[PDB]
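# Residue-level structure breakdown
So the chains spell out like this:
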Amino acid sequence: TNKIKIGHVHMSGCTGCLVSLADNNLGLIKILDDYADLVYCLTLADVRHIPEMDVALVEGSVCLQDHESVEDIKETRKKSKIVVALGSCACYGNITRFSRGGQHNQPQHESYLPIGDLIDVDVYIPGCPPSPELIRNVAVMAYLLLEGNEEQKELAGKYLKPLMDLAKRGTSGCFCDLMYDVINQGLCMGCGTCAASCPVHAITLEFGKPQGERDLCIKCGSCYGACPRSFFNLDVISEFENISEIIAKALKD
Amino acid sequence: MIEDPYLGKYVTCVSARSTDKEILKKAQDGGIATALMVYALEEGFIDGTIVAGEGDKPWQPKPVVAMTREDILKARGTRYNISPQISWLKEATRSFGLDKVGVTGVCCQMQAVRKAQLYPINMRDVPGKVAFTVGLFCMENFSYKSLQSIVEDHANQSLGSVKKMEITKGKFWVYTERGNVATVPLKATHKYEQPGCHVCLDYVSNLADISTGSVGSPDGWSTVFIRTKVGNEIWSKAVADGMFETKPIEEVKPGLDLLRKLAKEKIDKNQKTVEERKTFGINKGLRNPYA
Amino acid sequence: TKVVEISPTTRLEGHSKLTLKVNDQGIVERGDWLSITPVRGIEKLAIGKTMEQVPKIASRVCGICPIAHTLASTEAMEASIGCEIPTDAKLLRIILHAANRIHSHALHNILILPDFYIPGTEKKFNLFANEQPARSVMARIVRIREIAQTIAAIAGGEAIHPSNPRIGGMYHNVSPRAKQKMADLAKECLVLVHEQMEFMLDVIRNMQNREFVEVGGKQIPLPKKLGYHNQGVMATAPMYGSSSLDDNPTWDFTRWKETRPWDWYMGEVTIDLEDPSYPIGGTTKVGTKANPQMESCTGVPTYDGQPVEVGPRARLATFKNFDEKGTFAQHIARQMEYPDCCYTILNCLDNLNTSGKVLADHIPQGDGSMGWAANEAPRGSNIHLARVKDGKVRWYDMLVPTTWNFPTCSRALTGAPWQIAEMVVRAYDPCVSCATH
Amino acid sequence: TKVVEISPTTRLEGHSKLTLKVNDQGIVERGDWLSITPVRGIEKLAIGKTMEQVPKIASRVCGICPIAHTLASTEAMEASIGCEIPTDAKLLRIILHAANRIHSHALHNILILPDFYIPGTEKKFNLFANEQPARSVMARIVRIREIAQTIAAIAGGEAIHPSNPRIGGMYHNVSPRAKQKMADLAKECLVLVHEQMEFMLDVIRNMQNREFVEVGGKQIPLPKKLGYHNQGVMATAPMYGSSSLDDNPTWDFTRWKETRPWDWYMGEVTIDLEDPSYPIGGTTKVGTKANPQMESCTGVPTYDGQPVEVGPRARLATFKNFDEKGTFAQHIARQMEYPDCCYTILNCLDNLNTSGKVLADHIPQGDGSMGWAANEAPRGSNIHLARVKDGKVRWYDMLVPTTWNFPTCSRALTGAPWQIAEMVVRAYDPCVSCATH
Ligand SMILES: Cc1cc2nc3c(=O)[nH]c(=O)nc-3n(C[C@H](O)[C@H](O)[C@H](O)COP(=O)(O)OP(=O)(O)OC[C@H]3O[C@@H](n4cnc5c(N)ncnc54)[C@H](O)[C@@H]3O)c2cc1C
Ligand code: NFU
Ligand code: NFU
Ligand code: SF4
Ligand code: SF4
Ligand code: SF4
Ligand code: SF4
Ligand SMILES: [Fe+3]
Ligand SMILES: [Fe+3]
Ligand SMILES: [Xe]
Ligand SMILES: [Xe]
Ligand SMILES: [Xe]
Ligand SMILES: [Xe]
Ligand SMILES: [Xe]
Ligand SMILES: [Xe]
Ligand SMILES: [Xe]
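Reading the values: rules and limits
- Residues numbered from 1 in each chain as written, not as in the entry; some residues may be left out.
- Chains lettered and ligands numbered in written order.
- Part of a larger assembly, values for the part shown.
- Heavy atoms only, no water.
- Buried < 20%, exposed > 50% of the residue type's maximum accessible area, 1.4 Å probe, protein only.
- Helix = DSSP H or I, 4+ residues; strand = E, 2+ residues; numbered from the N terminus.
- Pairing = 2+ DSSP bridges.
- Contact = heavy atoms within 4.5 Å.
- Axes fitted to C-alpha atoms, helices over the stretch in contact; angles between N-to-C directions.
- Parallel < 35°, antiparallel > 145°, perpendicular 65-115°, else oblique.
- Left-handed = near helix turned anticlockwise from the far one by under 90°.
- Nonpolar A, V, L, I, M, F, W, Y, C, P; charged D, E, K, R; others polar.
- Donors = N, O, S within 2.8 Å, 3.2 Å for Na, K, Ca; no water.
- Tetrahedral: all angles 85-135°; square planar, octahedral: opposite > 155°, others 65-115°.
- Core = buried A, V, L, I, M, F, W, Y, C linked by side-chain atoms within 4.5 Å.
- Near = heavy atom within 4 Å.
- Polar contact = N/O pair within 3.5 Å; in protein donor to acceptor, adjacent residues only side chain to side chain.
- Salt bridge = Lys/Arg side-chain N within 4 Å of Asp/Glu carboxyl O.
- Domains from an automatic or database assignment.
- Buried area = accessible area lost by both parts, 1.4 Å probe.
- Expected span 1.5 Å × (residues − 1).

Residue and element names in this part refer to chain B. Of all seven residues making up strand β3 (residues 12-18), five are buried, and the element is well covered by its neighbours. Sheet topology places β3 next to strand β13 (residues 244-245); two bridges connect them, and they run antiparallel. Paired with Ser18 across the strands is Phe244, a residue of β13.

Tracing the sequence through the fold places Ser12 of chain A in the loop between β1 (4-10) and α1 (16-22). Since its relative accessible area comes to 4%, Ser12 of chain A is described here as buried. Sequence spacing of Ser12 of chain A and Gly173 of chain A is 161 residues, and the spatial spacing of their C-alpha atoms is 17 Å. Contacts of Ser12 of chain A, omitting those with residues within four sequence positions, involve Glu59, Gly60, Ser61, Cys63, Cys89, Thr96 and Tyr112 of chain A together with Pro38 of chain C.

The next thing to look at is the packing of helix α5 (residues 134-156) of chain C against helix α6 (residues 176-208) of chain C. All names here are of chain C. In the contact formed by α5 and α6, the axes pass within 9 Å of each other and the chain directions differ by 150°. Relative to α6, α5 is oriented roughly antiparallel. Crossing hand, α5 versus α6: left-handed. Counted together, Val137, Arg140, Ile141, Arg143, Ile144, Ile147, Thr150, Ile151, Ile154 and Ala155 of α5 and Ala178, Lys181, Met182, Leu185, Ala186, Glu188, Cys189, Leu192, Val193, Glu195, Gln196 and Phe199 of α6 form the full contact between these two elements. Tallied by class, residues from the contact of α5 with α6 come to 15 nonpolar, two polar and five charged.

For the rest of this paragraph, the subject is the coordination of the nickel atom of ligand 3. Residues and elements named next belong to chain D. At 2.3 to 2.6 Å from the nickel atom of ligand 3 lie its protein donor atoms, namely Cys62 (SG), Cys65 (SG), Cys431 (SG) and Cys434 (SG). Bound by four donor atoms, the nickel atom of ligand 3 shows angles of 76 to 168° at the metal and therefore irregular coordination geometry. Mapping the donors of the nickel atom of ligand 3 onto the primary sequence gives the spacing C-x2-C-x365-C-x2-C. A separation of 2.7 Å is found between the nickel atom of ligand 3 and the iron atom of ligand 3, which are bridged by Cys65. With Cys62 in the loop between α2 (53-59) and α3 (66-81) and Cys431 in the loop between α12 (421-426) and α13 (432-436), this pair connects stretches of sequence that are 369 residues apart.

Looking at the iron ion (ligand 9), the protein donor atoms are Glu43 of chain D (OE), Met398 of chain D (O) and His437 of chain D (NE2), and they sit 2.1 to 2.3 Å from it. By relative accessible area, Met398 of chain D is classed as buried at 0%.

One broad trend across soluble globular proteins is that nonpolar side chains are buried collectively. Counting 226 residues, the largest nonpolar core has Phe116 of chain C together with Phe116 of chain D as its most contacted members. Ranked by residues supplied to this core, first place goes to helix α6 (residues 176-208) of chain D with 15 residues. Excluding its chain neighbours within four sequence positions, the residues that come into contact with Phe116 of chain C are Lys124, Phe125, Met200, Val203, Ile204, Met207, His331 and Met423 of chain C. The next biggest cluster of nonpolar side chains, apart from the first, holds 83 residues, and it includes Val83, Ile125, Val182 and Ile247 of chain A.

All names here are of chain D. Inspection of the region around ligand 3 gives 13 residues, with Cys62, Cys65, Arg379, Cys431 and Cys434 positioned closest. Between ligand 3 and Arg379, the relevant distance is 3.0 Å, taken from a nitrogen atom to a main-chain nitrogen or oxygen of the residue. One of the side-chain nitrogen or oxygen atoms of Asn382 is found 3.2 Å away from an oxygen atom of ligand 3.

In many reports, interface size means the accessible area that the parts give up when they come together. Of the residues lining the interface, 67 residues belong to chain C; the matching set on chain A comes to 49 residues. At the junction of chain C with chain A, the criterion picks out four salt bridges. Taken together, the elements giving at least two residues each to the side of chain C that touches chain A come down to α1 (42-45), α2 (53-59), α4 (87-112), α5, α7 (292-295), α12 (421-426) and α13 (432-436) of chain C. The element that contributes the greatest number of residues to the side of chain C that touches chain A is α5 of chain C, accounting for six residues.

This paragraph deals with the site of ligand 4. Within the structure, ligand 4 sits among 13 residues, and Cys14, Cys17, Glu59, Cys89 and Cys128 of chain A are positioned closest to it. In this structure, ligand 4 is bordered by residues of chains A and C. Of the residues contributing to the shell around ligand 4, the split by class is four nonpolar, seven polar and two charged.

Residue and element names in this part refer to chain A. You can read the domains of chain A as domain 1 (1-171) and domain 2 (172-253). Buried area between domain 1 and domain 2, summed over both chains or domains, comes out near 1,900 Å², and the portion from carbon and sulfur atoms is 67%. At the boundary of domain 1 and domain 2, one finds three salt bridges. When the shortest N-O distance is used, the salt bridge between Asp177 and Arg169 registers 3.0 Å. Along the contact surface separating domain 1 from domain 2 lie five residue pairs in polar contact. Secondary-structure elements contributing two or more residues to the side of domain 1 that touches domain 2 are α2 (26-34), α4 (88-92), α5 (132-147), α6 (150-159) and α7 (161-169). The greatest single-element share of the side of domain 1 that touches domain 2, amounting to four residues, is contributed by α5. Looking at the side of domain 1 that touches domain 2 residue by residue, the classes come out as twelve nonpolar, six polar and five charged.

Quick look at α5 of chain C now. Taking 1.5 Å of rise per residue, the 23 residues of α5 of chain C would be expected to cover 33 Å, and the 32 Å separating its terminal C-alpha atoms lies within 8% of that figure. Looking one or two residues past α5 of chain C, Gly157 of chain C carries a phi angle of roughly 85°, positive in sign.

Glancing now at the interface of chain A and chain B. Taken together, the contact pairs 20 residues of chain A with 14 residues of chain B. Buried surface at the junction of chain A and chain B, summed over both partners, amounts to about 1,400 Å²; 60% is from carbon and sulfur atoms. Among the residues chain A hides against chain B, the three largest losses belong to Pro107, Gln108 and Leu118 of chain A. Together they make up 31% of the total. For the pair chain A and chain B, the interface holds one salt bridge. Between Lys284 of chain B and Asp120 of chain A there is a salt bridge, and its shortest N-O distance comes to 2.6 Å. For the pair chain A and chain B, the number of links is seven residue pairs in polar contact. A per-element tally of the side of chain A that touches chain B places helix α3 (residues 67-78) of chain A first, with four residues. A breakdown of the residues in the side of chain A that touches chain B according to their chemical character gives six nonpolar, eight polar and six charged.

This is the structure:
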C-alpha cells in the first residue's frame, strides 16, 4: 500500500504541538519511514505552499484580522481529506481566547477563533501540550482507516469516534466543562483524573469533588477530555491490552 | 419629523455654536456638547452627566460622572481613542445618588443607553433615570497604541506637546501648543482602526436626544440634529435663553449634502462588511448582532 | 536595484518573510527580514490578571522555549514584589533551564543541516532518508532531545509549558530516585552532546572552506564575510540570567528603548524580480506590493539607540571575548554551548537537597514597583518587566531574543546572494512566535 | 627610510603636524602625530582658584565640546567635596550632554566628507559648492547642529560655554514651555539624524570598496588594514560618564599613569623628502629639523602602561563588543551614536519635573580629599581629578580624549601612504586645543 500524505499547518500557535509530535522520537521516524509522507511543514521542509493532503495537522487558532491567515485555513479544508485540530489552541482557542489587541505593531490584530469556527473539523486532538502518545495513536489509526483491511478500518473508526464527537460538540474548553457536563449532570465519581491532567495546577479536589481556580485556568479543554465520565467508549477501552499490542506492533523494528 | 435613511429620524437640523465665550476657548468645534450639559445642569434637566474627562496618560480619556459646571468643561476636545462611557451608567444611580442622568458619547454608546432602557439586563433603575443624551458624530475610533503610533511616528509629534487633534478633509491633523501643525494621510491610518467599528451602521448618532458633529459646518461651528421630545424641549428653551447662535443648515456650506454623502459611505462600506461575515468561512460564518 | 521577496521562510519557527533589494548581480543591497505572525498581544492581555496566571499564559508564547518565558515571567513577578525564593527552588530552575537549552540546540541542528554538506562531498545532508550517515546522526539527536525533555519534565513538571514553577519557587521538590535518574540521564547526555558538538563543528568547518553551495540547481557563491554586521552584541549571563533583585544586575534598563519598525525598516516597494524555481514553490509574484514598516509584526528594541545581536555568540563574545562574527561564527558558538548544559545539571543535582524547601514562607502581594528579570534563553536575552500591585499585573513588557535579532539580522543580509539569504537567517535560530508574542 | 612632514594639519580642530618616516614606496614605517598648540596650562593656573571658577575656565579649553569640560570639571569638584546633586539637575545635564554630542558629530561630518566620494563616482564631496547633492546634505547638517545648539542653550544656558551648571547642580530649571520646545526639537532631530546616519554609512561603505583615492593629482592606494593598531580601547559609559561618587565607578585611576612624550615619541630627525604639490601648499622644506619628543605639546596618558584609543569606537567595543577596527570602523562607530542622543533627550524630558529642585541644599567646602569625574565627551573619556579644600582647588588634573588618542593614532599610522596619513588622523575627530589645555 501507499503511505498517506500528512501536512503540518501552523496558524496562531506556539509550535509546541509540532514539538510534541517530534517527541515520539524513533516512533516518528518509524511512521515517516513506513506509513506517511510529510508533504508540508514550514518548520521542517521548504514546501512554500499548502499542497493536497490526506491528513492535515492544524495547530493554532485563526486571527480574523490577518487576511493571509483566514485564507490559509480555508485553503487547508479545500486541500485535505481529514482535518485535525491539533492541540487546544486549534480545538478550543486556549490562551488566544484572552487576546484583545492593542499591542505593537498590529494593534488591530484582536480576534482569535479556534479553527472549527471557520471550517469543518473531523478530529480533535485536545491538550496543551497535547500528549505525543495521542498524536501517534491518531496518526496510526488514520493510516489503518485508509490503507488497512476492513477489520482495521473498523477498529480505527471506532477508536477515532470520541475524538470526532469532540469536534462536533463545540469549540469551547474550560474548567467549567467539569461543572456543566459532569458534576451538574450527576456523573462525577471523584476519581481525581482532571487534577492530574490540568497543566497549570488549577484543579484541586475538596471532599472528593473538583474545585477550579478559574483565574489560573488557560481554557484548554484538557480536563473534560481526560475525564472518564465525558466520553467512555466501552468497546475500545475494555480492549486496552489488545489495542496496545496492535499499536506497539505498528512501530516495531 | 424627517426620516433620512442615512441621517436617522429628526425634527430639525441647524448649524450652531455656543454664545458662552469661555466654553468656546477649548471646545473642539461649536461647543455644543459642553454647552448642552452645562445648561441642562443649571436648568435642572439633569443632576449629573457622564463625560470623557482627563485621564492618566496624555490624550487618554477617562469617563467620569460630572456634577458641576467646572467638571463638565474639563471634558472639552475630541479624544481619538476609546472611552468606555457606559461603565458608569449604573453607578451614577447608586453611590452618586442621581435622579436625572446625562450621558455623552459616540453613536455606539447612545445605542447601549437605548438598549439598557428597553432591555435592562442587570441594569435596574437605569431605564427611568436616563434623562438626556448628547451624541457625537463618529466615523471610526482608535486604540491608545494606535493614537500613539499615528501621532508620534506618522505625525512625528510629542503627545505632551499636542493641543488639538482633528480628522477632516482626508488627513489626520495634529496641532502643537507652540504653534506647529502636522498631518497624516488617512490611507496610512487604516490599519490602526478598532476592528469593531467596521460593523457600525450609524454616523450622526441616530439614537441620541440631540446629535452634534463637525462635518457640514465651518470651523468653529457645529452641525446639530434635534431628534426626541426631550431634545426639543431642551434645545428650544436654550435658544430662547440665549445659549446659542443658529443658522439654518440649508444656507451653510458644505451643509447637509456633504454630511449625507459621508454617512452613506460609512453605512454602505460597513454594511458590506456585515454581509461578508455571513460567509467568512467555508460552510460557516461569523455572528451578526443585527440578525 | 530590483526587489525579490521570499515568503514564507522555512526551517525556522513561525511565520516570517524576506523582502530584499538586490544589485545587478543578485547580491543584497538592503534586505528586510520581518515577522508576519499575527500579534496575540500577551503583554496587553496580561493587564489586570493575577501574577500567578500571567507566567503560565506567557509560556504559551512558544513551545520550543517555554522554560524561558515561564522563568523570566515568574522572576519578573518575584522581582516586582520583592520575593526571595529558596535555594533548592533555584537549583531546580537551573536544571530545567539547562536541560531546555540542550533540546533547543539539538532541534536547531535538525533545521540547519539540510543546507550543509557531508564534509568533502557535494551531497547535502538528508535526515529524513533511511541512509547513512544521516540516519545514525538523527538517532543521536533524537536521544539527546529525549534525555533533555525527560530531565525537564522531572525538575519542571512538564517538558513543554513547565507546571512546577510558581511565584515563590516550585510546586514540588523531587524524590531521591528522581535525582538519581536525572544524574543518570545527564551522564549519558554528556557523552552524546560531545559527539554531536564535534560532528557539527566539523560540518561547519567544511562549510567555511567551500566557495559555493547549490540552491535549486544553480551554484551560489559563498561570500567570505557572510552575515557580517556592525551592531555588536548584548548578553546577561553565560548560562542562566539576572534580575533586578540582584546586588549587581547584568542588564541596564536605562540603555533600552523600544521603537516601532518605522525607524529601521523599509517603506513601500514593489516586487520586480521573481524566481519560480526557488525550492520549493518560488518567490513572490512580480507586481506584488510590500511595506516592511507596516507589515512587520514586531517592535524594535534597541540598546544605546541601536539594534543588537543576542544569543550564543552574544554570550561568548560578552563573557569569553569570542572574536569571530557572522553566519558560521554564530553556528560555532551555538554548538560550543552543549557541554556547559550537562556539567551545570550535574553540579546542580550534586548540591540539590531533595528534602529542602521549594516555597518561600512569605509571598508579598506587591505595591506597584517595577521589577525585571532576564533569562538567557537558547536564542538570547529574554527580559520581562512587571509592576505587580495587590497580586495583579498592572504593567507588563516582554523583550524577547528573536525580537532583538530581527533588525540586526536584516542588516547582516547585506552582501549575500539573495538565494542564501535564508542561510544568514537560520544562523540566528529564529523563533517568530517568540518575537511577536 | 626618508622623512616627510605635514605641517599644519587641516580639517581638524587646532594646530598639530605629522612627522613621518617612510619606506622606498612612500608607506609610513613609523609616524609621529603631535600637538604644536601652545600650552595654556589650565591645570596649573587652577591652583588656588575657587571651585566655582575653575569649571568655567576649563570650559574655555575647547569651544566645540565645552559641555564636556564644564561637566567633568564641575563633577570632579562635587566628587572631591562629597556633594550629591538633585535628580532634576542630573536630567538637565544629560540633556545638555546628549545635545552636544549631536552637534559635534555633525560638525565632524563637515570636516571628513571632502575626503569621501559621492558613492559610485570619482567626484569628491564639495559642500561649499551650490550644487547637489552636496547642498541638500549641508542643509540637513545645518539644521541638525542648529537643533542641537538650541537644546543645549535651553537646558544649559549657553550652547558654547554653558552657564547653567554650578557646584551642586544648575542655576535654573526650565519652564513647561521650554520642556515642550526641547521635546519638539528632538522629535524633528531624530528623523534628521537617522537620515544623516544612513547617508554617512553608505558613503563610508563605498569608501571601504575603493582601491585608491586621489590626492593632489595622484592615485593613492587605499590599504585594507588602514589605520589598524594594537593598543585596544578605554571607555567609561556608552552615553554620559562616571565619577568617584559612584557605588561602582567604571574607571580605575590605579591603572593610569601619565608620562612625557619622551617615552613614546621619536627623537630628532631631518626632513629629506618634500612635496610642494600636496594640497594646498606642500610639506616641510627639506633640511628642516624636527624633534617630536621635544616639540610635542601634550603629555602621554597610559592605561596599564600603554596608550589607548578612546571615542565612539572605544565605547561600542567596550559596551557592545563592536568588533571592527581602524579608520573606517571609527567613522562607522561615530555615526551609529546619532540616534541614542535623541532617544536619551526624549526619555530625559519625559522624567524631568520642571518644578523640581536643581540645587543641593548643602554644598560642603571640602577637606582636601581626591575626587574624579569622567565625561564621555564626543571624542572619548574626559577625566578630571581634583582636591578641593575650603572651597579652593589645591590640585587639578585633566586627561582629555584627544590627549589619549595622540600616541595611539601615531601608531595607527604604520602601513599608510603618507599622502593619506591625514585621513587616518581625521577618523579620531581630533581636538588639539582639548588635548593640550
Ligand atoms: C472617535 C471620535 C470620532 C469622531 N468622528 C467625527 C466625524 O467623523 N465627523 C464629525 O463631524 N464629528 C466627529 N466627532 C465629533 C467631533 O470631533 C466633536 O467632538 C463633536 O462635534 C463635539 O464637539 P463640541 O465642540 O460640541 O464638544 P466639546 O464642548 O469640545 O465637548 C467634547 C465632548 O466630546 C466627548 N468626548 C470627547 N472624546 C470622546 C471619546 N473618545 N469617546 C466618547 N466621548 C468623547 C466629551 O464627553 C464631550 O461631551 C468624533 C468624536 C470622537 C470621540
Ligand atoms: N530562545 C527562545 Fe524564544 Ni521560542 C525566542 N526568541 C524566547 O525567549
Ligand atoms: N570631545 C572632545 Fe574635547 Ni574639543 C577633546 N578631546 C574634550 O573633552
Ligand atoms: S495547544 Fe499549547 S502547545 Fe499547542 S500551539 Fe496552542 S499554546 Fe502551543
Ligand atoms: S475526572 Fe471527571 S469524574 Fe473524575 S473527579 Fe474529575 S470531573 Fe469528577
Ligand atoms: S482547569 Fe486546567 S485542564 Fe481544565 S480547561 Fe482550565 S487549564 Fe485546562
Ligand atoms: S465607528 Fe461606531 S462602533 Fe466605532 S467608535 Fe464610532 S460610534 Fe462606536
Ligand atoms: Fe514585547
Ligand atoms: Fe592634562
Ligand atoms: Xe520540531
Ligand atoms: Xe523533528
Ligand atoms: Xe507525521
Ligand atoms: Xe511531521
Ligand atoms: Xe476521520
Ligand atoms: Xe506522528
Ligand atoms: Xe485521522
